[PDB]
Asks: 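Here it is, the structure, as structure tokens.
Atom set for the values below is all heavy atoms of this structure, side chains included, hydrogens, waters and symmetry mates excluded. Residues take their numbers from the sequence shown, with the count starting at 1.
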Amino acid sequence: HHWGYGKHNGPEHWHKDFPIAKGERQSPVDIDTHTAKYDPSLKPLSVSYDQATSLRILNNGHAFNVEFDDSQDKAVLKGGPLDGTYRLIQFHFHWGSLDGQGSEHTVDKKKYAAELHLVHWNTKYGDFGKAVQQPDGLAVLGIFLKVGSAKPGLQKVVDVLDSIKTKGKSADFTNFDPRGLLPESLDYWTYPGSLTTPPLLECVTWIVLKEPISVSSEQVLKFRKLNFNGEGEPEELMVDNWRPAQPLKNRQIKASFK
Ligand SMILES: COc1ccc(C[C@@]2(O)NC(=S)NC2=O)c(OC)c1
Ligand code: NA
Ligand code: NA
Ligand SMILES: [Zn+2]
């Protein structure tokens, strides 16, 4: 598989190798704020990241992943729409070539400059590979980024990017606190969906925060200096690594807030 984001291998082509691309619960989606309904059944959301143990940062040719130690319940997501306990495994971003695009989810068709995905897996399935085979295997916390003031807690990430410019490069990335990437409010929208890249598995409960975080133009500029290519290959800047909104089909988006 040679999928990517270009004219020749991008989202419009993915269905040929991954027919689920045209499935019934694909992500991302547009969040129509007028039609999303408040749900009183949602329990309070619990983001418990005090004991998170970051390990490494990896350019995988599609994004960069900050990976965590998930060999025990160190950083977990619970509550909201979720039954049981979901362990943080990694986070990554999707972003644009320009400040007016880059997010995967949209809000009333508005695109943000970037979107953060904090990936968690349901511990009842024992390991991540088993969890992605289940309809309730993953919970992804999605956070929008807008350009304005710098986000202090993002700067350690920005500053290591020079060391992982190209596909396959990694760097030690210990002692990073993901709490510094969250907005003040945990108000959210939730719906059942999918991974947003191949293999496009329909295994995700999406929890998308309403409040964006602000990052500086200089911060997002540094994301845009990354490369899709490997070392020694022609330079292809890592920009516009987002999938557009997909059909909602037979789903409702629930709001946690009145
Ligand atoms: C086989 O397991 C995979 C494969 C790819 C992704 C990445 C991604 O498709 N999904 C989200 S979230 N954004 C993405 O880019 C993944 O994420 C948990 C899990
Ligand atoms: Na809730
Ligand atoms: Na399903
Ligand atoms: Zn993602």
Side-chain angles (χ1 to χ4, degrees), residues 1 3-6 47-77 86-97 102-104 113-121 127-129 132 138 140-145 147 150-182 195-198 213-242:
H1 295 310
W3 69 268
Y5 295 95
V47 184
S48 307
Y49 290 170
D50 183 60
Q51 295 290 307
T53 303
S54 63
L55 294 173
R56 190 179 75 141
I57 192 171
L58 172 64
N59 177 335
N60 61 20
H62 313 292
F64 64 85
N65 289 354
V66 174
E67 298 163 348
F68 289 81
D69 182 359
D70 63 341
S71 62
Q72 315 181 71
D73 279 342
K74 281 170 186 239
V76 300
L77 184 66
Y86 292 70
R87 203 175 283 178
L88 179 63
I89 177 172
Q90 56 111 315
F91 70 77
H92 62 272
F93 303 81
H94 304 264
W95 61 92
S97 55
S103 67
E104 298 211 298
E115 184 175 332
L116 169 60
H117 290 163
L118 293 133
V119 181
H120 314 73
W121 60 270
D127 66 70
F128 179 87
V132 300
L138 293 188
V140 183
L141 185 56
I143 304 179
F144 298 118
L145 282 62
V147 176
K151 194 64 163 178
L154 183 60
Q155 192 63 35
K156 286 191 209 190
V157 174
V158 164
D159 286 332
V160 78
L161 301 182
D162 269 346
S163 75
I164 59 155
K165 184 182 177 178
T166 51
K167 175 178 194 186
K169 291 197 74 180
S170 66
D172 291 302
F173 203 70
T174 54
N175 303 290
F176 178 77
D177 183 355
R179 294 174 294 184
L181 296 175
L182 303 177
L195 303 185
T196 63
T197 66
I213 60 166
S214 291
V215 306
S216 61
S217 54
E218 294 83 358
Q219 289 180 320
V220 68
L221 284 162
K222 288 185 180 172
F223 285 19
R224 297 185 188 130
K225 295 173 77 82
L226 293 160
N227 284 185
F228 286 128
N229 57 281
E231 183 182 8
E233 298 167 0
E235 187 172 38
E236 307 166 78
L237 294 174
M238 187 179 279
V239 294
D240 293 319
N241 57 352
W242 51 276

Asks: Do you know which two heavy atoms are closest between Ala114 and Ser103, and how far apart they sit?
Replies: O-CB, 3.9 Å
Asks: Is it the case that more than 12 heavy atoms not belonging to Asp162 sit under 6.0 Å from its CG atom?
Replies: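 No, CG of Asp162 has 12 or fewer neighbouring heavy atoms, counting only those of other groups under 6.0 Å.
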Asks: Ignoring hydrogens and angles, state whether a donor on the side chain of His94 or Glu115 is under 3.5 Å from an acceptor on the partner side chain.
Replies: no
Asks: With rounding to the nearest 0.5 Å, note down the distance linking CZ in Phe228 to CG in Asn59.
Replies: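 One gets 9.5 Å once the value is rounded to the nearest 0.5 Å.
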Asks: Taking the ring of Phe173 and the ring of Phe64, is the distance between their centroids below 6.0 Å?
Replies: no
Asks: To the nearest 0.5 Å, what is the distance between OG (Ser214) and CG (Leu154)?
Replies: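 Those atoms lie 11.5 Å apart.
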Asks: Taking atom types as modelled, is there a side-chain donor on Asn241 or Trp95 under 3.5 Å from an acceptor on the other?
Replies: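 No - no donor-acceptor pair under 3.5 Å links their side chains.
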Asks: List the steps and the verdict of side chain to side chain contact (heavy atoms under 4.5 Å, CB included) for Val132 and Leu138.
Replies: CA-CA 7 Å; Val132 300; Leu138 293 188; 4.0 Å; yes
Asks: Treating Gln155 as the side-chain partner and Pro152 as the backbone partner, does any N or O pair qualify as donor plus acceptor under 3.5 Å?
Replies: no
Asks: Would you say the side chain of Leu161 lies within less than 4.5 Å of the side chain of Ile57, judging by non-hydrogen atoms?
Replies: yes
Asks: Do the side chain of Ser54 and the main chain of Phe176 share a donor and acceptor less than 3.5 angstrom apart?
Replies: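 Yes, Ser54 side chain to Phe176 backbone: donor-acceptor pair under 3.5 Å.
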Asks: Output the distance between atom CG (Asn227) and atom CD1 (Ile164), rounded to the nearest 0.5 Å.
Replies: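 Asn227 CG to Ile164 CD1: 11.0 Å, rounded to 0.5 Å.
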Asks: Would you say CD of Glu231 has more than 12 non-hydrogen atoms from neighbouring residues, nucleotides or ligands within 6.0 angstrom?
Replies: no
Asks: Is it the case that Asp172 and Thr174 place a side-chain donor and acceptor less than 3.5 Å from each other?
Replies: no
Asks: For the pair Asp177 and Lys156, find out whether any cationic side-chain nitrogen is under 4.0 Å from an anionic carboxylate oxygen.
Replies: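 Salt bridge absent between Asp177 and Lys156.
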Asks: Check whether the side chains of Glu236 and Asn229 place a donor and an acceptor atom closer than 3.5 Å, and report yes or no.
Replies: no
Asks: Going by the side-chain contact (heavy atoms from CB on, under 4.5 Å) test, name the single residue among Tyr86, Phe128, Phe91, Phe68 that passes it with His120.
Replies: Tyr86
Asks: Once rounded to the nearest 0.5 Å, what's the spacing between atom CD of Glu67 and atom CG of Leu88?
Replies: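 Output value for this atom pair is 11.0 Å.
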Asks: Could you report the tightest heavy-atom contact between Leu118 and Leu182, atom names first, then the distance?
Replies: CD1-CD2, 4.3 Å
Asks: At their closest point, which heavy atom of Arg224 faces which heavy atom of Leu237, and how far apart are they?
Replies: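 Heavy atoms only, the tightest pair is O-CD2, 3.7 Å.
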Asks: Please report the shortest heavy-atom distance between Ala63 and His92, naming the atom on each side.
Replies: CB-CB, 4.5 Å
Asks: Could you tell me which non-hydrogen atom of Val160 sits nearest to which non-hydrogen atom of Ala171, and how far apart they are?
Replies: CG2-CB, 4.2 Å
Asks: Between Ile143 and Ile213, does the side chain to side chain contact (heavy atoms under 4.5 Å, CB included) criterion hold? Intermediate values first, please.
Replies: CA-CA 7 Å; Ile143 304 179; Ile213 60 166; 4.0 Å; yes
Asks: Let me confirm one number: the CG-CG distance from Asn65 to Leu58, rounded to the nearest 0.5 Å.
Replies: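 So the CG of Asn65 and the CG of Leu58 are separated by 6.0 Å.
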Asks: I'd like to know whether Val158 forms a side chain to side chain contact (heavy atoms under 4.5 Å, CB included) with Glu218, so could you lay out the CA-CA distance, the side-chain angles of the two residues, the decisive distance to 0.1 Å, and finally the verdict.
Replies: CA-CA 9 Å; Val158 164; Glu218 294 83 358; over 6 Å; no
Asks: Search all heavy atoms of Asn60 against all heavy atoms of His62 and return the closest pair with its distance.
Replies: OD1-N, 2.9 Å
Asks: A quick test of your reading: do over 12 heavy atoms of other residues, nucleotides or ligands sit less than 6.0 Å from CG of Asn175?
Replies: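 Open.
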Asks: Find the distance between CZ (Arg87) and OG (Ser48) and round it off to the nearest 0.5 Å.
Replies: 13.5 Å
Asks: For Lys225 and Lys165, run side chain to side chain contact (heavy atoms under 4.5 Å, CB included): C-alpha distance rounded to whole Å, both residues' side-chain angles, the deciding distance at 0.1 Å, then the answer.
Replies: CA-CA 7 Å; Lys225 295 173 77 82; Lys165 184 182 177 178; over 6 Å; no
Asks: Side chains of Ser97 and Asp240: is there a donor and an acceptor less than 3.5 Å apart?
Replies: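 Per modelled atom types, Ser97 and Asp240 side chains form a pair under 3.5 Å.
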Asks: Does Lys169 use its side chain to pair, donor to acceptor, with the backbone of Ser163 at less than 3.5 Å?
Replies: yes
Asks: Tell me, do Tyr5 and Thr197 make a side-chain contact under 4.5 Å, heavy atoms counted?
Replies: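 SC-SC contact between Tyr5 and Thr197 confirmed.
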